[PDB]
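*Asks:* Got query-v4.cif for you, mmCIF, N, CA and C atoms:
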data_structure
#
loop_
_atom_site.group_PDB
_atom_site.id
_atom_site.type_symbol
_atom_site.label_atom_id
_atom_site.label_comp_id
_atom_site.auth_asym_id
_atom_site.auth_seq_id
_atom_site.Cartn_x
_atom_site.Cartn_y
_atom_site.Cartn_z
ATOM 1 N N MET A 1 -22.991 18.883 -71.034
ATOM 2 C CA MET A 1 -24.304 19.023 -71.639
ATOM 3 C C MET A 1 -25.402 18.558 -70.680
ATOM 4 N N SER A 2 -26.087 19.533 -70.099
ATOM 5 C CA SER A 2 -27.159 19.238 -69.164
ATOM 6 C C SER A 2 -28.512 19.340 -69.870
ATOM 7 N N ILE A 3 -29.328 18.316 -69.667
ATOM 8 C CA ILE A 3 -30.646 18.277 -70.276
ATOM 9 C C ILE A 3 -31.565 19.267 -69.557
ATOM 10 N N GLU A 4 -32.424 19.903 -70.340
ATOM 11 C CA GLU A 4 -33.359 20.873 -69.792
ATOM 12 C C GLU A 4 -34.798 20.434 -70.063
ATOM 13 N N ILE A 5 -35.715 21.024 -69.310
ATOM 14 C CA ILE A 5 -37.125 20.704 -69.459
ATOM 15 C C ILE A 5 -37.951 21.982 -69.308
ATOM 16 N N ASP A 6 -39.081 22.005 -70.001
ATOM 17 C CA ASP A 6 -39.967 23.156 -69.952
ATOM 18 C C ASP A 6 -41.394 22.683 -69.666
ATOM 19 N N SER A 7 -41.712 22.609 -68.382
ATOM 20 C CA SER A 7 -43.034 22.177 -67.962
ATOM 21 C C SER A 7 -44.059 23.276 -68.246
ATOM 22 N N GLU A 8 -43.568 24.507 -68.273
ATOM 23 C CA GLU A 8 -44.428 25.649 -68.532
ATOM 24 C C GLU A 8 -45.143 25.483 -69.874
ATOM 25 N N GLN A 9 -44.354 25.188 -70.896
ATOM 26 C CA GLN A 9 -44.897 25.000 -72.231
ATOM 27 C C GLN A 9 -45.062 23.509 -72.533
ATOM 28 N N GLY A 10 -44.333 22.701 -71.778
ATOM 29 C CA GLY A 10 -44.388 21.260 -71.953
ATOM 30 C C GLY A 10 -43.392 20.798 -73.018
ATOM 31 N N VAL A 11 -42.424 21.660 -73.290
ATOM 32 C CA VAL A 11 -41.406 21.355 -74.281
ATOM 33 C C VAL A 11 -40.114 20.946 -73.572
ATOM 34 N N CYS A 12 -39.231 20.320 -74.333
ATOM 35 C CA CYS A 12 -37.957 19.874 -73.792
ATOM 36 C C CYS A 12 -36.839 20.413 -74.686
ATOM 37 N N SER A 13 -35.744 20.795 -74.044
ATOM 38 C CA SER A 13 -34.602 21.328 -74.766
ATOM 39 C C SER A 13 -33.307 20.974 -74.031
ATOM 40 N N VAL A 14 -32.380 20.394 -74.777
ATOM 41 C CA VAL A 14 -31.099 20.003 -74.211
ATOM 42 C C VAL A 14 -30.053 21.067 -74.545
ATOM 43 N N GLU A 15 -29.070 21.183 -73.664
ATOM 44 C CA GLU A 15 -28.005 22.153 -73.854
ATOM 45 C C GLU A 15 -26.706 21.447 -74.247
ATOM 46 N N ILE A 16 -26.079 21.968 -75.290
ATOM 47 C CA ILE A 16 -24.833 21.399 -75.775
ATOM 48 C C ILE A 16 -23.961 22.515 -76.357
ATOM 49 N N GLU A 17 -23.189 23.138 -75.479
ATOM 50 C CA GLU A 17 -22.309 24.217 -75.889
ATOM 51 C C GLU A 17 -22.983 25.074 -76.963
ATOM 52 N N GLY A 18 -24.284 25.263 -76.793
ATOM 53 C CA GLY A 18 -25.054 26.055 -77.736
ATOM 54 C C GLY A 18 -26.457 25.475 -77.923
ATOM 55 N N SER A 19 -27.198 25.435 -76.825
ATOM 56 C CA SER A 19 -28.551 24.909 -76.854
ATOM 57 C C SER A 19 -29.258 25.351 -78.137
ATOM 58 N N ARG A 20 -29.744 24.364 -78.876
ATOM 59 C CA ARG A 20 -30.440 24.636 -80.122
ATOM 60 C C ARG A 20 -31.391 23.486 -80.461
ATOM 61 N N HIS A 21 -32.168 23.091 -79.465
ATOM 62 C CA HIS A 21 -33.119 22.007 -79.643
ATOM 63 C C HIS A 21 -34.527 22.500 -79.302
ATOM 64 N N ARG A 22 -35.496 21.623 -79.520
ATOM 65 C CA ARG A 22 -36.883 21.955 -79.242
ATOM 66 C C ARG A 22 -37.801 20.811 -79.679
ATOM 67 N N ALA A 23 -38.584 20.326 -78.727
ATOM 68 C CA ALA A 23 -39.507 19.237 -78.999
ATOM 69 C C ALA A 23 -40.359 18.974 -77.756
ATOM 70 N N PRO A 24 -41.446 18.183 -77.962
ATOM 71 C CA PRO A 24 -42.345 17.849 -76.871
ATOM 72 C C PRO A 24 -41.719 16.807 -75.942
ATOM 73 N N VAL A 25 -41.982 16.974 -74.655
ATOM 74 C CA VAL A 25 -41.452 16.059 -73.658
ATOM 75 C C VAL A 25 -41.981 14.649 -73.932
ATOM 76 N N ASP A 26 -43.111 14.601 -74.624
ATOM 77 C CA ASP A 26 -43.728 13.330 -74.959
ATOM 78 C C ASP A 26 -42.989 12.704 -76.143
ATOM 79 N N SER A 27 -41.972 13.414 -76.607
ATOM 80 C CA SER A 27 -41.179 12.942 -77.729
ATOM 81 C C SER A 27 -39.738 12.687 -77.281
ATOM 82 N N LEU A 28 -39.607 12.240 -76.041
ATOM 83 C CA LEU A 28 -38.298 11.954 -75.482
ATOM 84 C C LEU A 28 -38.110 10.439 -75.381
ATOM 85 N N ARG A 29 -36.858 10.040 -75.214
ATOM 86 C CA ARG A 29 -36.530 8.629 -75.101
ATOM 87 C C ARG A 29 -35.148 8.453 -74.471
ATOM 88 N N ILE A 30 -35.068 7.500 -73.554
ATOM 89 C CA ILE A 30 -33.816 7.221 -72.871
ATOM 90 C C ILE A 30 -33.179 5.967 -73.474
ATOM 91 N N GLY A 31 -31.862 6.015 -73.603
ATOM 92 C CA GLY A 31 -31.123 4.895 -74.160
ATOM 93 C C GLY A 31 -29.869 4.600 -73.336
ATOM 94 N N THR A 32 -29.143 3.578 -73.766
ATOM 95 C CA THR A 32 -27.924 3.184 -73.080
ATOM 96 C C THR A 32 -26.745 3.168 -74.054
ATOM 97 N N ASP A 33 -25.594 3.580 -73.546
ATOM 98 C CA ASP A 33 -24.388 3.618 -74.357
ATOM 99 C C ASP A 33 -23.367 2.630 -73.791
ATOM 100 N N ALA A 34 -23.257 1.492 -74.462
ATOM 101 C CA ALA A 34 -22.326 0.460 -74.038
ATOM 102 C C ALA A 34 -20.893 0.958 -74.242
ATOM 103 N N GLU A 35 -20.784 2.078 -74.942
ATOM 104 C CA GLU A 35 -19.483 2.666 -75.213
ATOM 105 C C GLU A 35 -18.789 3.049 -73.905
ATOM 106 N N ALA A 36 -19.584 3.572 -72.983
ATOM 107 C CA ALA A 36 -19.061 3.982 -71.690
ATOM 108 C C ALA A 36 -19.974 3.452 -70.584
ATOM 109 N N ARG A 37 -20.846 2.532 -70.970
ATOM 110 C CA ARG A 37 -21.777 1.939 -70.026
ATOM 111 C C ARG A 37 -22.533 3.033 -69.269
ATOM 112 N N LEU A 38 -23.072 3.972 -70.032
ATOM 113 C CA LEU A 38 -23.820 5.072 -69.449
ATOM 114 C C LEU A 38 -25.130 5.257 -70.218
ATOM 115 N N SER A 39 -26.045 5.989 -69.598
ATOM 116 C CA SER A 39 -27.337 6.247 -70.209
ATOM 117 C C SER A 39 -27.241 7.455 -71.144
ATOM 118 N N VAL A 40 -28.000 7.386 -72.228
ATOM 119 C CA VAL A 40 -28.011 8.462 -73.205
ATOM 120 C C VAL A 40 -29.434 9.004 -73.345
ATOM 121 N N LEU A 41 -29.545 10.106 -74.072
ATOM 122 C CA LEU A 41 -30.838 10.733 -74.290
ATOM 123 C C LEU A 41 -31.085 10.871 -75.793
ATOM 124 N N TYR A 42 -32.348 10.724 -76.168
ATOM 125 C CA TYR A 42 -32.730 10.830 -77.566
ATOM 126 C C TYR A 42 -33.680 12.009 -77.786
ATOM 127 N N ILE A 43 -33.211 12.967 -78.571
ATOM 128 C CA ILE A 43 -34.004 14.148 -78.869
ATOM 129 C C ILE A 43 -34.066 14.346 -80.384
ATOM 130 N N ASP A 44 -35.242 14.082 -80.936
ATOM 131 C CA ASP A 44 -35.447 14.226 -82.367
ATOM 132 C C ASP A 44 -34.930 12.977 -83.081
ATOM 133 N N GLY A 45 -34.331 12.091 -82.298
ATOM 134 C CA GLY A 45 -33.791 10.856 -82.840
ATOM 135 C C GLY A 45 -32.261 10.872 -82.822
ATOM 136 N N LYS A 46 -31.720 11.805 -82.052
ATOM 137 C CA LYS A 46 -30.278 11.937 -81.938
ATOM 138 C C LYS A 46 -29.789 11.128 -80.734
ATOM 139 N N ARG A 47 -28.474 11.003 -80.641
ATOM 140 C CA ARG A 47 -27.868 10.261 -79.548
ATOM 141 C C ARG A 47 -26.717 11.061 -78.936
ATOM 142 N N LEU A 48 -26.899 11.431 -77.677
ATOM 143 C CA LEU A 48 -25.888 12.197 -76.968
ATOM 144 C C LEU A 48 -25.717 11.624 -75.559
ATOM 145 N N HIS A 49 -24.696 12.120 -74.875
ATOM 146 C CA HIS A 49 -24.412 11.668 -73.523
ATOM 147 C C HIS A 49 -24.886 12.721 -72.520
ATOM 148 N N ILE A 50 -25.867 12.330 -71.720
ATOM 149 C CA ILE A 50 -26.418 13.226 -70.717
ATOM 150 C C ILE A 50 -26.029 12.728 -69.324
ATOM 151 N N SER A 51 -26.316 13.557 -68.332
ATOM 152 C CA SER A 51 -26.003 13.213 -66.955
ATOM 153 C C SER A 51 -26.980 12.151 -66.445
ATOM 154 N N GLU A 52 -26.507 11.368 -65.487
ATOM 155 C CA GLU A 52 -27.325 10.317 -64.908
ATOM 156 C C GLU A 52 -28.599 10.907 -64.303
ATOM 157 N N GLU A 53 -28.401 11.836 -63.378
ATOM 158 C CA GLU A 53 -29.521 12.484 -62.717
ATOM 159 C C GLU A 53 -30.410 13.187 -63.746
ATOM 160 N N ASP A 54 -29.758 13.784 -64.733
ATOM 161 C CA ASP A 54 -30.474 14.492 -65.781
ATOM 162 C C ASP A 54 -31.282 13.490 -66.607
ATOM 163 N N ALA A 55 -30.782 12.263 -66.646
ATOM 164 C CA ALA A 55 -31.445 11.208 -67.393
ATOM 165 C C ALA A 55 -32.681 10.742 -66.621
ATOM 166 N N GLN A 56 -32.607 10.886 -65.306
ATOM 167 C CA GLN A 56 -33.708 10.485 -64.447
ATOM 168 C C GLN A 56 -34.838 11.515 -64.517
ATOM 169 N N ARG A 57 -34.446 12.780 -64.483
ATOM 170 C CA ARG A 57 -35.411 13.864 -64.542
ATOM 171 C C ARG A 57 -36.108 13.881 -65.904
ATOM 172 N N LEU A 58 -35.372 13.443 -66.914
ATOM 173 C CA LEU A 58 -35.904 13.403 -68.266
ATOM 174 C C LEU A 58 -37.180 12.559 -68.282
ATOM 175 N N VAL A 59 -37.100 11.411 -67.626
ATOM 176 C CA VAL A 59 -38.236 10.507 -67.558
ATOM 177 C C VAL A 59 -39.327 11.132 -66.686
ATOM 178 N N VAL A 60 -38.909 11.613 -65.525
ATOM 179 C CA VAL A 60 -39.836 12.235 -64.595
ATOM 180 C C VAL A 60 -40.631 13.320 -65.324
ATOM 181 N N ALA A 61 -39.945 14.008 -66.225
ATOM 182 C CA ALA A 61 -40.573 15.069 -66.994
ATOM 183 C C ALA A 61 -41.689 14.476 -67.855
ATOM 184 N N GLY A 62 -41.566 13.185 -68.123
ATOM 185 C CA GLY A 62 -42.553 12.489 -68.930
ATOM 186 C C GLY A 62 -41.892 11.782 -70.115
ATOM 187 N N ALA A 63 -40.571 11.877 -70.159
ATOM 188 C CA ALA A 63 -39.810 11.255 -71.228
ATOM 189 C C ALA A 63 -39.913 9.734 -71.102
ATOM 190 N N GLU A 64 -39.714 9.064 -72.228
ATOM 191 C CA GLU A 64 -39.782 7.612 -72.258
ATOM 192 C C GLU A 64 -38.620 7.011 -71.463
ATOM 193 N N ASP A 65 -38.909 5.899 -70.803
ATOM 194 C CA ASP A 65 -37.903 5.218 -70.007
ATOM 195 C C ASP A 65 -37.642 3.832 -70.599
ATOM 196 N N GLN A 66 -36.455 3.681 -71.170
ATOM 197 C CA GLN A 66 -36.071 2.417 -71.774
ATOM 198 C C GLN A 66 -34.785 1.892 -71.133
ATOM 199 N N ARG A 67 -34.159 2.753 -70.345
ATOM 200 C CA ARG A 67 -32.925 2.391 -69.669
ATOM 201 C C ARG A 67 -33.219 1.468 -68.485
ATOM 202 N N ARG A 68 -34.217 1.860 -67.705
ATOM 203 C CA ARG A 68 -34.608 1.081 -66.542
ATOM 204 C C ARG A 68 -36.084 1.317 -66.217
ATOM 205 N N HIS A 69 -36.533 0.673 -65.150
ATOM 206 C CA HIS A 69 -37.916 0.803 -64.723
ATOM 207 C C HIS A 69 -38.111 2.148 -64.021
ATOM 208 N N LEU A 70 -39.054 2.920 -64.541
ATOM 209 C CA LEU A 70 -39.348 4.225 -63.976
ATOM 210 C C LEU A 70 -39.328 4.133 -62.449
ATOM 211 N N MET A 71 -38.261 4.663 -61.870
ATOM 212 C CA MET A 71 -38.108 4.647 -60.425
ATOM 213 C C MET A 71 -38.389 6.027 -59.829
ATOM 214 N N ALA A 72 -38.320 6.090 -58.507
ATOM 215 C CA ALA A 72 -38.564 7.338 -57.804
ATOM 216 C C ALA A 72 -37.602 7.447 -56.618
ATOM 217 N N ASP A 73 -37.735 6.501 -55.700
ATOM 218 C CA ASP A 73 -36.888 6.480 -54.520
ATOM 219 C C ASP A 73 -36.361 5.060 -54.302
ATOM 220 N N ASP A 74 -35.371 4.958 -53.427
ATOM 221 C CA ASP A 74 -34.773 3.670 -53.121
ATOM 222 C C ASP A 74 -34.831 3.432 -51.610
#
Let me see the file written as structure tokens.
*Replies:*
Amino acid sequence: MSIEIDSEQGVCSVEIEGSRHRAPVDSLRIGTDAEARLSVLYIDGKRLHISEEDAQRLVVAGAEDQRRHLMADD
């Protein structure tokens, strides 16, 4: 499940064996899953497992960053 972004319209949509989401990028949120010690994504208030890099782009897109401090380079 790779997270998607729509800068054209400014909407965000995640893919999950049948992409069926839709919401504003300003309505995104990053979380952490102690279950596997990985970062998760919140869309509409749901909890799923997204890719690390995809989790980074989510914030870059304008999504909320609660996992770590909005970074860029190291």
*Asks:* What's the 9 Å shell around range 51-55 of chain A, counting only C-alpha atoms, without same-chain residues fewer than 3 positions away, as a list in words?
*Replies:* residues 1, 2, 3, 4, 30, 38, 39, 40, 41, 58, 59 and 60 of chain A
*Asks:* Have a look at A:34, A:29, A:11, A:43 and name the one nearest to residue 66 in chain A; count only C-alpha atoms.
*Replies:*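 Closest residue, counting only C-alpha atoms: A:29.
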*Asks:* Just asking: which residues within chain A are strand (DSSP E or B) according to DSSP, as a list in words?
*Replies:* residues 3, 4, 5, 6, 11, 12, 13, 14, 23, 24, 28, 29, 30, 31, 32, 33, 38, 39, 40, 41, 42, 43, 48, 49 and 64 of chain A
*Asks:* Report the distance between CA of residue 63 in chain A and atom N of residue 27 in chain A in Å, rounded to one decimal place.
*Replies:*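 Atom-to-atom, CA of residue 63 in chain A to atom N of residue 27 in chain A, that is 6.2 Å.
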*Asks:* Find the spatial neighbours of residue 6 in chain A, counting only N, CA and C atoms, within a cut-off of 8 Å - ignore same-chain residues fewer than 5 positions away - and output them as a list in words.
*Replies:*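 Listing them by chain and then by number gives residues 11, 12, 13, 25 and 61 of chain A.
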*Asks:* Using only N, CA and C atoms, please write the residues we just selected to a file, as a compact mmCIF listing (two decimals), keeping the file's coordinate frame.
*Replies:*
# COMPACT_ATOMS: atom_id res chain seq x y z
N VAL A 11 -42.42 21.66 -73.29
CA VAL A 11 -41.41 21.36 -74.28
C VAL A 11 -40.11 20.95 -73.57
N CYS A 12 -39.23 20.32 -74.33
CA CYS A 12 -37.96 19.87 -73.79
C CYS A 12 -36.84 20.41 -74.69
N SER A 13 -35.74 20.80 -74.04
CA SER A 13 -34.60 21.33 -74.77
C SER A 13 -33.31 20.97 -74.03
N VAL A 25 -41.98 16.97 -74.66
CA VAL A 25 -41.45 16.06 -73.66
C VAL A 25 -41.98 14.65 -73.93
N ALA A 61 -39.94 14.01 -66.22
CA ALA A 61 -40.57 15.07 -66.99
C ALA A 61 -41.69 14.48 -67.86
*Asks:* Work out how far apart CA of residue 10 in chain A and atom C of residue 56 in chain A are and give it in Å to one decimal.
*Replies:*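 For CA of residue 10 in chain A relative to atom C of residue 56 in chain A, the distance reads 15.5 Å.
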*Asks:* May I ask which of the residues A:48, A:8, A:16, A:33 is the closest one to residue 67 in chain A, counting only C-alpha atoms?
*Replies:*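 Smallest separation from residue 67 in chain A among the options: A:33.
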